[PDB]
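Consider the single chain below, provided in structure tokens and representing the form solved without its partner chain.
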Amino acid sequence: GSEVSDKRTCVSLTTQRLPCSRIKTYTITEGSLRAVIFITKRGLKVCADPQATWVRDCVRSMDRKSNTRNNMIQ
């Protein structure tokens, strides 16, 4: 169902916030509608609005974690 899909697994974006500590990893989808998918630490996928300030903080927080070479994906 929602397990695998790729491309754009979802078309709706969450504008409301999630704790940035629940961010597992993100994937930005590029096209005409850009959506950033965040996986939560529970292992579920969430889709978030990339122009949300909190999203920008987290999508960039994970981006910042990608500057240094140590990515604990667990």
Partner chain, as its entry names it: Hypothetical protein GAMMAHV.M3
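Positions refer to the first chain, counted from 1.
The form deposited with its partner chain bound is left out here; the points below concern that form.
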Inset, instruction - Spell out, yes or no, whether the shortest heavy atom distance between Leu13 and its partner chain in the bound PDB entry is within 4.5 Å. - result: yes
Legend entry - 4.5 Å heavy atom contact, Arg64 to its partner chain in the bound PDB entry: no
Inset, instruction - Considering only heavy atoms, tell me if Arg60 and its partner chain come within 4.5 Å of each other in the bound PDB entry. - result: no
Inset, instruction - Could you confirm whether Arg17 comes within 4.5 Å of its partner chain in the bound PDB entry, counting heavy atoms only? - result: yes
Legend entry - Stretch 35-57 - residues with a heavy atom within 4.5 Å of its partner chain in the bound PDB entry: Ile37, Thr40, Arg42, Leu44, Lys45, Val46, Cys47
